[PDB]
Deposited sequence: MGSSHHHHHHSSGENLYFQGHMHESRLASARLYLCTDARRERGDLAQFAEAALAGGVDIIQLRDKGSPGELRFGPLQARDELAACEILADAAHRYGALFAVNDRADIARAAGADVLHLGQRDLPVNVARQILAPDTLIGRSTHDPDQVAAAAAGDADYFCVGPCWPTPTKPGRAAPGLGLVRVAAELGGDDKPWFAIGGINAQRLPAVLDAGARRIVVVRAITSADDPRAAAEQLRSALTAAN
């Protein structure tokens, strides 16, 4: 109900790992949410923590979800969980984000409370089309910039010219944001731009200032 409304206006999306190697998850989320983050997603896959201790177990993941879910709600933000529909339901997440290789949307809709929102990752023009017409509540478009693991801004353009909310994602930061807005994107998902900042709050405020400034 209210989630669609909050999502509809969200412009700054953040994905963060559990930060198990730093132990400052709670404080880090405070800083970032106080900085303007509208939606925050727990996505530990490929994190330094996963590299040092291995994949996140459910118990620990639930613990991190409660921290993130509580902070998000105290700031009027949305809390999203990646791939696991069982964790999402146990944690009462506002959003379940499903990439192309994660659980099938229709399967997730069977487990999740009816009001939970679903997001999808898209990487080519066909997925973008399928997402815009699909069941999804929102979708991401990218990676805009290459990573050791890339559609580029051309796909952002395809999304801009087709009303479901969609976000631009992939190596986005302050310096590259002008190009992202140029390609027609009005919402963005960021990671390292805030995740590895010396001052998450400031980093976030800076990004949100440029965002609303369009």
Which ranges of the deposited chain go unmodelled, in order along the sequence?
1-20, 170-174, 188-190, 243
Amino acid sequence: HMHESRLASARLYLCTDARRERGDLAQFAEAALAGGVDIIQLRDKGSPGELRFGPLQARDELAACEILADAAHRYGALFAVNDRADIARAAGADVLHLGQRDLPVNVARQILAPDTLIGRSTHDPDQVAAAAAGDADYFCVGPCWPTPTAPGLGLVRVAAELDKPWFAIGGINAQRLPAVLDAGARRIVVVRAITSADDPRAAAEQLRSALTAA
From here on, numbers count along this sequence of modelled residues.
Which is higher on mean Cα B factor in this entry, 51-59 or 36-44?
51-59
Where do the C-alpha atoms have the higher mean temperature factor in this entry, in 79-87 or in 114-122?
114-122
Sorting the chain's modelled residues by C-alpha B-factor, tell me whether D182 ends up in the lowest, middle or highest third.
highest
Lowest, middle or highest third: where is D163 by C-alpha B factor in its chain?
highest
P104, C-alpha B-factor rank within chain (lowest, middle or highest third):
highest
Would you mind checking where the Cα B-factor of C140 ranks among the modelled residues of its chain, as the lowest, middle or highest third?
middle
Could you say whether, by C-alpha temperature factor, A197 belongs to the lowest, middle or highest third of its chain?
highest
